[PDB]
Amino acid sequence: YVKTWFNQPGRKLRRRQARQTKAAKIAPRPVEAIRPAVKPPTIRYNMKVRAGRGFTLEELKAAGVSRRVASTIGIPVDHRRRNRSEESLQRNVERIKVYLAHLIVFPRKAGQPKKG
Amino acid sequence: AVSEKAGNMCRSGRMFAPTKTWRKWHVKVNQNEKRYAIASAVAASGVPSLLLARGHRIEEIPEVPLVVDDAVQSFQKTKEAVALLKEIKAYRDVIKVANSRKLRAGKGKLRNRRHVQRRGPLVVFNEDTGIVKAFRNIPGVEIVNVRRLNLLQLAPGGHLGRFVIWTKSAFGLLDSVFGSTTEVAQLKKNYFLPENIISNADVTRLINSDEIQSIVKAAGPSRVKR
Amino acid sequence: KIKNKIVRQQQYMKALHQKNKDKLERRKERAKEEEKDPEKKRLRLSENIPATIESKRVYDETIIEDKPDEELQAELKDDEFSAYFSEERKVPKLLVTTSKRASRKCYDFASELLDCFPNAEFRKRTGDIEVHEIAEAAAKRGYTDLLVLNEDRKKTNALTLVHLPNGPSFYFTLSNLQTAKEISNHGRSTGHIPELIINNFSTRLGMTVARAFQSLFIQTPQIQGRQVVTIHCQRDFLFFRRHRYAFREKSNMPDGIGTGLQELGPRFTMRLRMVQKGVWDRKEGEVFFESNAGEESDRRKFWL
Amino acid sequence: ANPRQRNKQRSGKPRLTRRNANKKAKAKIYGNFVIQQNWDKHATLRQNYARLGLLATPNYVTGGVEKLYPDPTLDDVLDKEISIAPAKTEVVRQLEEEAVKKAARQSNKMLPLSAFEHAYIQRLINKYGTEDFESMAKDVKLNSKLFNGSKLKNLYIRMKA
Amino acid sequence: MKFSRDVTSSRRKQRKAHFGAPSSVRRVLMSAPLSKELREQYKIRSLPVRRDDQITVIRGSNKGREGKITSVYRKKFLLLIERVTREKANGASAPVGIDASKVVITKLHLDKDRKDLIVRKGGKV
RNA sequence: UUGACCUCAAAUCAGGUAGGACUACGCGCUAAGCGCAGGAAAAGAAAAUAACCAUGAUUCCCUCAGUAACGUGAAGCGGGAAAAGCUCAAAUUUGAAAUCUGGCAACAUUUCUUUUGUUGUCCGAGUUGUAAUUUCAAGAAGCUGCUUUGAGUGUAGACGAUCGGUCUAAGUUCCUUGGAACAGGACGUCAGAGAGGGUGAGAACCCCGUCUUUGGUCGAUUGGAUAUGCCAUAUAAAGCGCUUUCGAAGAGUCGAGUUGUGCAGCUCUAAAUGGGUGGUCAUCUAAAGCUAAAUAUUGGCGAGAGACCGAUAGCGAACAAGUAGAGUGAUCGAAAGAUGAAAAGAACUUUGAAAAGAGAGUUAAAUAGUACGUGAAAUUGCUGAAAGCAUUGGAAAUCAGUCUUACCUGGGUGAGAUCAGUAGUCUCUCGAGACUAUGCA
RNA sequence: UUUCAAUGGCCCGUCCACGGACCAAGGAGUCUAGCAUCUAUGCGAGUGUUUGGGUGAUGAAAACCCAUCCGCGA
RNA sequence: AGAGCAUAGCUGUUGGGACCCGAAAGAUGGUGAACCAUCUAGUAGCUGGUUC
RNA sequence: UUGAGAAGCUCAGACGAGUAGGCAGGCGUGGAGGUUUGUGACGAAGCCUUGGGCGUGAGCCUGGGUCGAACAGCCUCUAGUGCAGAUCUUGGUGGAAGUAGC
RNA sequence: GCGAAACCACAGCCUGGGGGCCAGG
RNA sequence: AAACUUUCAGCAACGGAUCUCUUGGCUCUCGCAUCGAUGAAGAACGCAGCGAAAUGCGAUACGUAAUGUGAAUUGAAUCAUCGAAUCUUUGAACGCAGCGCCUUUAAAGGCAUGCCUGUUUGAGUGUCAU
């Protein structure tokens, strides 16, 4: 059995079109969600900064985004991750603040019943 | 490859070591060797004797490198493009290509490779505002962006010296695409043009110079008597 | 239509067998009713004549009627060949010549042509003399017809003759040129003048050629030598044969008298390619007749 | 090769040929209207987003970007209030205003009262006043639904408008 | 050069599609140019042939001949024209067929559908 | 004597559903056998790693790494693709079973008279528990004041998707060869089209197409949005402030002993700051459940390609091909492509019982006649000639090529040009070419 | 070319034996991964774009570009 | 007071069917009362062959 | 003196068996890119030929006959590339032999 | 009248010396 | 001498090599997701064209309706589209393997098993109340 890679450029194209399809659907908003900055978990890589999964509940509380409305504006929430140091908290609280600085959220239609 | 279910000496048997799809079809070249060959192929395109040696009919081209105005980028009709090549006298190469269209010799024309012909001028543009469609039907003519020069189109067959018709903006961006030997390329990261083993490639100029002919011992005969 | 080879061969075999059966049955029943009633036997035999190219020859009005025509005889009594056919009876004097620098193969055929014609000369073509210059030179030397045997690559492929001094010039391409050795049951010719017979030259262009060939031969054959030279035009192919003939009994012949032919040679064929009015100049000759190849593809269309 | 595939070659019935092979075909933008009216159907979504003044990714990019032209603290990061950001292009400006104007149109989030609610709060008000909501809550004869003082305040505040 | 990956440049597929084309597709494949006058008055370059059309043979051994199309032999992509025949050995006049592109239409058999086709295909009756 | 419930039956009662086939890719039991799926399947929101500044469902790719471990052979981390989270059981709605299938009757609705619902009513299910609320990331119950809100139904237009129809540039001019012009030459044309195929030989302009088309137009089916109309059971439902109040968490399982291949069998069989797994600490929170995408795909419905094969090749099969044929059967399984541009497939006459033959005739070609393109060798017949491996030559037969017309010199006669004690034009860079006059020293 | 003359001339492959009736066609060191040396090439205390991302309007499976890693070396 | 890394070619060698053909078995699943289909290109110190 | 394809030209001298084995240069075939203003219905390819020529050779060029639609040189790329044999595979055809025999 | 098949490097005069080589018959 | 035997050449056979072709195979890529008790896959039997050792179709038997092109085949079509019809005997095959049965007027509609939900009718020295 040999796995042959003749579809390496046909995969590349298909993934671009899936990105293009994803935009066509939600084109005013980014094709990817925002991610936190986390430090890799070892003595070898702990000096790097890499993308995490989602923001902690302490980070969202401090920024001002409740865990319910966080996902609706494309802010992932990782309940598993936590903040053992203040550096990670303030690094990612600022990240949410900057993202909200550039956010234009378009109003939705709200039910307004005639009576009380 | 052949089918995996399809001795080798027996009729209606199977062939020896049948072909497999997992042969090595593609080959890697160091990206610096790829860039060196593109630089060498472009530098050769500016030598008129290498263009003639490759088969191009450039005997009445006004100047090599042949660089035209940026009005050519906004050509709309093939008539305007066929007209331009005629005033700059690049159309004789197009006559060479158009007249050279033959049927292919072999089984290769049973496999969608029906016709063969020579290669005409390579128009290198900077912006596409109509130039590609105005030129793409003239036989043998190829158009390419100056940001994406192809070695397949710059040395067809591995033979150096393609006839390239640059536009003014394409020619202006050549120094940003390739850089200098001392200064870097703007459109390639950390890239410098290759350095040469010799300085002046005219070796007969070195040999027959006053520097070297003033200290050499007096030469014996050429072909000597018996 | 059947793209299976075997089936279409079996389908043809069944079709062929049925076609042969019912054509035989039709033939058998027709035979039975014809032997019973001859009034339809020769009735069929008188209309169902097999067709042939000569019977299906395309119509040309230039074919002259067998009855004499005054207008043709008015034009033929004062033309170039008239001095041969008039009361003057000028004895022909032929000049035979090959192309420049010919081989022994050309002469081994020119000798046979010399045997066919008494009192005919042969000057080997030498130097820078031209056919339009030999004609003038032979005209002042008493010759009346010059034949030039053209060869290249050791084969005599053409024969141009000019009627002296300004008579029409004809260009022929010889073919199937056989010498007396190559002919089975041949003979040795004598010095007797041959007798010429010409057949099947119906078109008016045919008479121009027939008079040209007639003018070569002496008008009084020596019958006691019983040598006959035949020029026959079939489907525009002119065949030249020479024979020895001796009359004897023949049960198949109509009157009981028939002749036995012994071939003398040479044996060859010609095709008339060009006729010019005047001395033969290849570049500036006034073309009387040019043979268009694309028009000769009709096997039923002849100019001779 | 297969018998099902020879079934179709040896039959005169045409194939269900569907001609939907469009390569280099990009997806057309439904979704927004302002984005649709400013979308170059040739350019990539990265180029189209960048030209429009939007962000395709709020994260990094995992490759080199296209270069066409030779271009020449806890308390401070927690209590800071960033004052939005400028809109680089006119399309982003157009998106910003329409969203603000659309908020103005649908800006009456405040609710009117109903007949039941008005008589409920009014009857409690006439007996207890308009300031002692704690004693209002502790009443059970009038506050039958047993609303707390916070729901009574909203009823009182809402009744005026 | 074709740019569409919906159309095939494979010779095997083009040849299969031509010869295995159905009779409705063969109706378009047998098309003849109109004469200059019809071309310059109906504003249509070429139409599919029909029975009872007056044509002139333009190419071949029967060049210059005219006549009405007696029938269209769509199976062999051949046209049949009045008096453009060949005599057999027995004396029968077996018709000879010509390709529809090798003739030219000099007088159209104008049905109502052609006129609707004419106006639809940029024409003016 | 009656009734209620329970349990077990019957019905050709009403409404359903299961089977069999395919199986490339999936998941199981045990390559094969057996079982079961889908457009993917499986897996999946930690009884997961780690020992760090910690990470954060799953899957896939790269790397780790041929490393550790015991020749086998990973995994944590790291880089990437795609990203999405949730539902119950266990707590009284207890101021109200708030829940649901079905029948019947209306009404609406449709990819659809075929579909799918709404409302009303009646029976049944259900308190041995159907809803709401809650899922540990929590959460309930109070209290508080800030912000929030449609499982409704139309119309309108725009943007999208699918399906069918429709819209489109230019030579068949002249000459030669040919059976045929699609060839050669001359002269034109179109080009967002000079892909490919067809047509009697190499066709951008004869024809279908191709390009435009990453599109105008016309039907029809629908996506998610937008604008707006009418309804809206809100006495409602949420998010986040606070707490002198509470906070349930899955057992013949985990675990232990022993056998067979973690799993399974058998014996025994738990706990509640417990239990699992790592280095007292850390970290998870099993024994219940669902879940797109990124991934796979020798099958299905279709496409588009190719430095592939070219009729003993390529699939066994270019054609009749799983066919003919073989075998009781399971199974096994071939050989076989090409006349010509057009059948114009050979009229007719004649011989023969026939098969066919010979005259003929069609074709450019019959050295294309279906035993048909080309038609090799082995091989066979006839005729002709000679005779009874190498070296070298003879005889016989055959063959190759082989030159004369030019060089110089003299004169006569006219010719002109690159000549003129000569005049102009065009293109290049004074004079260099090309010319048109005029003269002939 | 055929034949004659004078001279020489013992059947080929294979390992005595084994294969050989003749002719045509087919018929056997292949592809791929690892390693080692040698040569060429590019760069050089560095080096390697092609897991993937960007991009490619003429074919878009190409060519072009490159973030973060990672290998081997030091 | 570092010479390596990459790519390509030749050569060697190791593993894959591994230069080609040729070896007595056996296993899984069936058919008929041994046979059949896969595994299977089973096992090679060997035989015969291996192209200008 | 023109004789630099410096990878060219030119001078001299010696040498020549060859299995295993090593090294080098060449000839050929199918397909690929480039090229020859390449060849071709006024005849491509193939095949036949006591026609001619070149090369030590592998081989190549050509005349004639046959034929009827495509083909080749040169520079690189590539490979299912070269047969006398394997009691090789397939097909065709022999002597045995008009024998044995019915 | 019908009609194989196996097999076949090549072929078929002896003597002697080393079924074709050498010298003779 | 001749036959015979051999060799060579020519012509005629034989054979089907070569060359050229090619609606075929093989390989890679891309797009999509749709069998069956509402009778599948497969098998048999018919129908008319025919060459069937092929194909289409089902007693409405190359198919009928509707739509489209618009005038054949060798409101046409051996056409295309295709939403309506129809679709023999079998086969998971389902009344039992001709034989039967139930209902309605020889014809028509039905008659398999397991399970789910419900409906109706029965049984219990099953329990309980009056």
# chains A, B, ... in the order shown; residues from 1 in each chain; ligands from 1
$ interface_residues --of "chain F" --to "chain B" --cutoff "6 Å" --atoms "only C-alpha atoms (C1' of nucleotides)" --output "MDAnalysis selection string"
chainID F and resid 192 194 312
$ write_last_selection --atoms "N, CA and C atoms (P, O5', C5', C4', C3', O3' and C1' of nucleotides)" --output "PDB file, in the first residue's frame"
ATOM      1  P     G F 192     -10.544  40.686 -30.560  1.00  0.00           P
ATOM      2  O5'   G F 192      -9.579  40.119 -29.434  1.00  0.00           O
ATOM      3  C5'   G F 192      -9.977  40.084 -28.077  1.00  0.00           C
ATOM      4  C4'   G F 192      -9.980  38.693 -27.496  1.00  0.00           C
ATOM      5  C3'   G F 192     -10.884  37.698 -28.195  1.00  0.00           C
ATOM      6  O3'   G F 192     -10.531  36.373 -27.797  1.00  0.00           O
ATOM      7  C1'   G F 192     -11.821  38.283 -26.113  1.00  0.00           C
ATOM      8  P     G F 194     -10.159  29.459 -31.456  1.00  0.00           P
ATOM      9  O5'   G F 194      -8.711  29.850 -31.973  1.00  0.00           O
ATOM     10  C5'   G F 194      -8.382  29.867 -33.358  1.00  0.00           C
ATOM     11  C4'   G F 194      -6.955  29.434 -33.567  1.00  0.00           C
ATOM     12  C3'   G F 194      -5.974  29.957 -32.519  1.00  0.00           C
ATOM     13  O3'   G F 194      -4.996  28.963 -32.252  1.00  0.00           O
ATOM     14  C1'   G F 194      -5.241  30.584 -34.655  1.00  0.00           C
ATOM     15  P     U F 312      -2.464  -8.305 -32.226  1.00  0.00           P
ATOM     16  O5'   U F 312      -2.092  -8.441 -30.690  1.00  0.00           O
ATOM     17  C5'   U F 312      -2.875  -9.239 -29.813  1.00  0.00           C
ATOM     18  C4'   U F 312      -2.004 -10.130 -28.966  1.00  0.00           C
ATOM     19  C3'   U F 312      -0.826  -9.444 -28.286  1.00  0.00           C
ATOM     20  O3'   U F 312      -0.620 -10.030 -27.003  1.00  0.00           O
ATOM     21  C1'   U F 312      -0.033 -11.178 -29.664  1.00  0.00           C
TER      22        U F 312
END
$ select_by_dssp --residues "range 19-141 of chain C" --states "helix (DSSP H, G or I)" --output "MDAnalysis selection string"
chainID C and resid 19:36 38:45 70:75 82:85 104:116 131:140
$ residues_around --residues "range 111-117 of chain K" --least-positions-apart "2" --cutoff "10 Å" --atoms "only C-alpha atoms (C1' of nucleotides)" --output "list in words"
residues 12, 15, 16, 17, 18, 101 and 102 of chain F; 93, 94, 95, 101 and 102 of chain K
$ write_last_selection --atoms "N, CA, C and O atoms (P, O5', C5', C4', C3', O3' and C1' of nucleotides)" --output "PDB file, in the first residue's frame"
ATOM      1  P     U F  12     -56.135 -12.829  10.680  1.00  0.00           P
ATOM      2  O5'   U F  12     -56.057 -12.452   9.137  1.00  0.00           O
ATOM      3  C5'   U F  12     -55.223 -11.392   8.683  1.00  0.00           C
ATOM      4  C4'   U F  12     -56.028 -10.296   8.032  1.00  0.00           C
ATOM      5  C3'   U F  12     -57.409 -10.052   8.644  1.00  0.00           C
ATOM      6  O3'   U F  12     -57.679  -8.653   8.661  1.00  0.00           O
ATOM      7  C1'   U F  12     -57.631 -10.539   6.340  1.00  0.00           C
ATOM      8  P     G F  15     -54.915   1.690   7.088  1.00  0.00           P
ATOM      9  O5'   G F  15     -53.671   2.286   7.873  1.00  0.00           O
ATOM     10  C5'   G F  15     -53.665   3.644   8.274  1.00  0.00           C
ATOM     11  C4'   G F  15     -52.452   3.975   9.100  1.00  0.00           C
ATOM     12  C3'   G F  15     -51.116   3.596   8.501  1.00  0.00           C
ATOM     13  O3'   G F  15     -50.672   4.500   7.509  1.00  0.00           O
ATOM     14  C1'   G F  15     -51.171   2.963  10.770  1.00  0.00           C
ATOM     15  P     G F  16     -49.734   3.975   6.320  1.00  0.00           P
ATOM     16  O5'   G F  16     -48.266   4.106   6.913  1.00  0.00           O
ATOM     17  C5'   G F  16     -47.421   2.974   7.013  1.00  0.00           C
ATOM     18  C4'   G F  16     -46.614   3.007   8.283  1.00  0.00           C
ATOM     19  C3'   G F  16     -45.261   2.322   8.223  1.00  0.00           C
ATOM     20  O3'   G F  16     -44.271   3.177   7.687  1.00  0.00           O
ATOM     21  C1'   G F  16     -46.415   1.641  10.171  1.00  0.00           C
ATOM     22  P     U F  17     -43.331   2.714   6.478  1.00  0.00           P
ATOM     23  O5'   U F  17     -42.221   1.824   7.175  1.00  0.00           O
ATOM     24  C5'   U F  17     -41.462   2.324   8.258  1.00  0.00           C
ATOM     25  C4'   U F  17     -40.874   1.205   9.070  1.00  0.00           C
ATOM     26  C3'   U F  17     -40.088   0.170   8.294  1.00  0.00           C
ATOM     27  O3'   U F  17     -38.766   0.592   8.031  1.00  0.00           O
ATOM     28  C1'   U F  17     -41.552  -0.909   9.800  1.00  0.00           C
ATOM     29  P     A F  18     -37.911  -0.104   6.876  1.00  0.00           P
ATOM     30  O5'   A F  18     -37.569  -1.539   7.457  1.00  0.00           O
ATOM     31  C5'   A F  18     -36.534  -1.716   8.406  1.00  0.00           C
ATOM     32  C4'   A F  18     -36.327  -3.171   8.723  1.00  0.00           C
ATOM     33  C3'   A F  18     -36.072  -4.076   7.530  1.00  0.00           C
ATOM     34  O3'   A F  18     -34.707  -4.104   7.152  1.00  0.00           O
ATOM     35  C1'   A F  18     -37.757  -5.015   8.893  1.00  0.00           C
ATOM     36  P     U F 101     -47.834  14.563  19.450  1.00  0.00           P
ATOM     37  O5'   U F 101     -48.258  13.076  19.115  1.00  0.00           O
ATOM     38  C5'   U F 101     -47.303  12.119  18.694  1.00  0.00           C
ATOM     39  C4'   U F 101     -47.915  10.749  18.657  1.00  0.00           C
ATOM     40  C3'   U F 101     -49.150  10.613  17.793  1.00  0.00           C
ATOM     41  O3'   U F 101     -48.863  10.487  16.414  1.00  0.00           O
ATOM     42  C1'   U F 101     -49.565   9.628  19.879  1.00  0.00           C
ATOM     43  P     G F 102     -49.876  11.104  15.333  1.00  0.00           P
ATOM     44  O5'   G F 102     -51.208  10.256  15.514  1.00  0.00           O
ATOM     45  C5'   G F 102     -51.235   8.865  15.241  1.00  0.00           C
ATOM     46  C4'   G F 102     -52.500   8.231  15.756  1.00  0.00           C
ATOM     47  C3'   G F 102     -53.795   8.741  15.150  1.00  0.00           C
ATOM     48  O3'   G F 102     -54.077   8.176  13.887  1.00  0.00           O
ATOM     49  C1'   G F 102     -54.015   8.657  17.491  1.00  0.00           C
TER      50        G F 102
ATOM     51  P     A K  93     -37.738 -14.553   1.162  1.00  0.00           P
ATOM     52  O5'   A K  93     -38.877 -14.022   0.184  1.00  0.00           O
ATOM     53  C5'   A K  93     -39.311 -14.782  -0.939  1.00  0.00           C
ATOM     54  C4'   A K  93     -40.661 -14.315  -1.421  1.00  0.00           C
ATOM     55  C3'   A K  93     -41.255 -15.101  -2.586  1.00  0.00           C
ATOM     56  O3'   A K  93     -42.668 -15.181  -2.425  1.00  0.00           O
ATOM     57  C1'   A K  93     -41.043 -12.830  -3.189  1.00  0.00           C
ATOM     58  P     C K  94     -43.321 -16.383  -1.587  1.00  0.00           P
ATOM     59  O5'   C K  94     -44.174 -15.646  -0.471  1.00  0.00           O
ATOM     60  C5'   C K  94     -45.481 -16.087  -0.130  1.00  0.00           C
ATOM     61  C4'   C K  94     -46.439 -14.927  -0.030  1.00  0.00           C
ATOM     62  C3'   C K  94     -46.721 -14.216  -1.344  1.00  0.00           C
ATOM     63  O3'   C K  94     -48.056 -13.712  -1.342  1.00  0.00           O
ATOM     64  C1'   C K  94     -45.645 -12.721   0.156  1.00  0.00           C
ATOM     65  P     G K  95     -49.240 -14.590  -1.977  1.00  0.00           P
ATOM     66  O5'   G K  95     -50.401 -14.544  -0.889  1.00  0.00           O
ATOM     67  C5'   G K  95     -50.141 -14.847   0.473  1.00  0.00           C
ATOM     68  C4'   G K  95     -50.961 -16.013   0.967  1.00  0.00           C
ATOM     69  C3'   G K  95     -50.366 -17.395   0.742  1.00  0.00           C
ATOM     70  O3'   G K  95     -49.405 -17.749   1.719  1.00  0.00           O
ATOM     71  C1'   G K  95     -52.620 -17.401   0.061  1.00  0.00           C
ATOM     72  P     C K 101     -62.313 -23.143  -2.038  1.00  0.00           P
ATOM     73  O5'   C K 101     -62.189 -21.944  -0.999  1.00  0.00           O
ATOM     74  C5'   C K 101     -61.940 -22.203   0.372  1.00  0.00           C
ATOM     75  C4'   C K 101     -61.432 -20.977   1.083  1.00  0.00           C
ATOM     76  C3'   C K 101     -62.285 -19.730   0.942  1.00  0.00           C
ATOM     77  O3'   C K 101     -63.397 -19.733   1.819  1.00  0.00           O
ATOM     78  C1'   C K 101     -60.008 -19.180   0.606  1.00  0.00           C
ATOM     79  P     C K 102     -64.768 -19.019   1.387  1.00  0.00           P
ATOM     80  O5'   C K 102     -64.507 -17.480   1.698  1.00  0.00           O
ATOM     81  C5'   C K 102     -64.209 -17.042   3.015  1.00  0.00           C
ATOM     82  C4'   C K 102     -63.971 -15.557   3.048  1.00  0.00           C
ATOM     83  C3'   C K 102     -64.903 -14.724   2.184  1.00  0.00           C
ATOM     84  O3'   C K 102     -66.165 -14.487   2.778  1.00  0.00           O
ATOM     85  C1'   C K 102     -62.684 -14.052   1.789  1.00  0.00           C
TER      86        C K 102
END
$ select_by_dssp --residues "chain A" --states "strand (DSSP E or B)" --output "PyMOL selection string"
chain A and resi 37-38+50-51+55+77
$ interface_residues --of "chain B" --to "chain G" --cutoff "7 Å" --atoms "only C-alpha atoms (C1' of nucleotides)" --output "ChimeraX atom specification"
/B:8-9,11,17,23,31-33,148,150
$ write_last_selection --atoms "N, CA and C atoms" --output "PDB file, in the first residue's frame"
ATOM      1  N   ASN B   8       6.374 -12.725 -18.586  1.00  0.00           N
ATOM      2  CA  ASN B   8       6.379 -11.617 -19.531  1.00  0.00           C
ATOM      3  C   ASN B   8       6.564 -12.083 -20.965  1.00  0.00           C
ATOM      4  N   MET B   9       7.051 -13.307 -21.165  1.00  0.00           N
ATOM      5  CA  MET B   9       7.244 -13.863 -22.496  1.00  0.00           C
ATOM      6  C   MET B   9       6.004 -14.551 -23.046  1.00  0.00           C
ATOM      7  N   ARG B  11       2.211 -14.647 -24.363  1.00  0.00           N
ATOM      8  CA  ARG B  11       1.204 -13.756 -24.920  1.00  0.00           C
ATOM      9  C   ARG B  11      -0.048 -13.746 -24.055  1.00  0.00           C
ATOM     10  N   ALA B  17       7.936  -6.291 -14.354  1.00  0.00           N
ATOM     11  CA  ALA B  17       7.934  -5.136 -13.470  1.00  0.00           C
ATOM     12  C   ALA B  17       6.950  -4.104 -13.996  1.00  0.00           C
ATOM     13  N   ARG B  23       5.955   6.029  -9.310  1.00  0.00           N
ATOM     14  CA  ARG B  23       7.214   6.515  -9.837  1.00  0.00           C
ATOM     15  C   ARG B  23       7.411   7.967  -9.408  1.00  0.00           C
ATOM     16  N   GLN B  31      15.580  26.477  -4.557  1.00  0.00           N
ATOM     17  CA  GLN B  31      14.933  27.700  -5.002  1.00  0.00           C
ATOM     18  C   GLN B  31      15.938  28.740  -5.453  1.00  0.00           C
ATOM     19  N   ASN B  32      17.179  28.653  -4.987  1.00  0.00           N
ATOM     20  CA  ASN B  32      18.215  29.557  -5.465  1.00  0.00           C
ATOM     21  C   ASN B  32      18.725  29.145  -6.842  1.00  0.00           C
ATOM     22  N   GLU B  33      18.779  27.840  -7.122  1.00  0.00           N
ATOM     23  CA  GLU B  33      19.111  27.389  -8.471  1.00  0.00           C
ATOM     24  C   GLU B  33      17.994  27.690  -9.454  1.00  0.00           C
ATOM     25  N   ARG B 148       6.071  37.064 -12.336  1.00  0.00           N
ATOM     26  CA  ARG B 148       5.969  35.611 -12.408  1.00  0.00           C
ATOM     27  C   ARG B 148       6.637  35.076 -13.669  1.00  0.00           C
ATOM     28  N   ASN B 150       8.561  32.699 -16.044  1.00  0.00           N
ATOM     29  CA  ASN B 150       8.622  31.244 -16.101  1.00  0.00           C
ATOM     30  C   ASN B 150       9.841  30.820 -16.901  1.00  0.00           C
TER      31      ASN B 150
END
$ atom_distance --atom1 "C1' of residue 215 in chain F" --atom2 "CA of residue 26 in chain D"
15.1 Å
$ atom_distance --atom1 "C1' of residue 44 in chain G" --atom2 "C1' of residue 5 in chain H"
8.5 Å
$ closest_residue --among "F:54, F:84, F:42, F:143" --to "chain D" --atoms "only C-alpha atoms (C1' of nucleotides)"
F:143
$ residues_around --residues "range 3-20 of chain K" --least-positions-apart "4" --cutoff "12 Å" --atoms "only C-alpha atoms (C1' of nucleotides)" --output "JSON, numbers by chain"
{"B": [105, 106, 107], "F": [310, 312, 338, 371, 373, 374, 375, 376, 377, 378, 379, 380, 381, 382, 383, 384, 385, 386, 387, 388, 397], "G": [1, 2, 3, 23, 24, 25], "I": [44, 45, 46, 47, 49, 50, 67, 68, 69, 70, 71, 91, 92, 93]}
$ closest_atom_pairs --of "chain F" --to "chain C" --cutoff "7 Å" --atoms "only C-alpha atoms (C1' of nucleotides)" --output "Markdown table"
| residue | atom | partner | partner_atom | distance |
| --- | --- | --- | --- | --- |
| F:319 | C1' | C:4 | CA | 4.1 |
| F:336 | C1' | C:6 | CA | 6.9 |
| F:348 | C1' | C:50 | CA | 4.5 |
| F:349 | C1' | C:50 | CA | 5.9 |
| F:360 | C1' | C:52 | CA | 6.9 |
| F:361 | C1' | C:52 | CA | 6.9 |
$ residues_around --residues "range 113-127 of chain D" --least-positions-apart "5" --cutoff "12 Å" --atoms "only C-alpha atoms (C1' of nucleotides)" --output "VMD selection string"
(chain A and resid 113 to 116) or (chain D and resid 132 to 147 149 151 to 161) or (chain F and resid 234 to 235)
$ interface_residues --of "chain E" --to "chain F" --cutoff "6 Å" --atoms "only C-alpha atoms (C1' of nucleotides)" --output "list in words"
residues 1, 2, 9, 14, 29, 60, 89, 90 and 101 of chain E
$ decode --residues "range 3-18 of chain G" --atoms "C-alpha atoms (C1' of nucleotides)" --output "PDB file, in the first residue's frame"
ATOM      1  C1'   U G   3      29.003 -20.132 -61.556  1.00  0.00           C
ATOM      2  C1'   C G   4      33.844 -22.370 -62.227  1.00  0.00           C
ATOM      3  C1'   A G   5      38.817 -23.014 -60.725  1.00  0.00           C
ATOM      4  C1'   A G   6      43.029 -23.414 -57.113  1.00  0.00           C
ATOM      5  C1'   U G   7      43.462 -22.968 -51.572  1.00  0.00           C
ATOM      6  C1'   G G   8      41.570 -23.036 -46.686  1.00  0.00           C
ATOM      7  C1'   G G   9      37.223 -24.534 -44.153  1.00  0.00           C
ATOM      8  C1'   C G  10      34.914 -30.369 -38.590  1.00  0.00           C
ATOM      9  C1'   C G  11      27.628 -27.039 -36.064  1.00  0.00           C
ATOM     10  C1'   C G  12      25.816 -23.015 -33.106  1.00  0.00           C
ATOM     11  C1'   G G  13      24.607 -21.675 -27.945  1.00  0.00           C
ATOM     12  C1'   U G  14      24.876 -23.869 -22.952  1.00  0.00           C
ATOM     13  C1'   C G  15      27.120 -26.768 -18.837  1.00  0.00           C
ATOM     14  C1'   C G  16      30.268 -35.989 -23.129  1.00  0.00           C
ATOM     15  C1'   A G  17      25.450 -34.244 -22.271  1.00  0.00           C
ATOM     16  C1'   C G  18      21.473 -30.181 -22.987  1.00  0.00           C
TER      17        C G  18
END
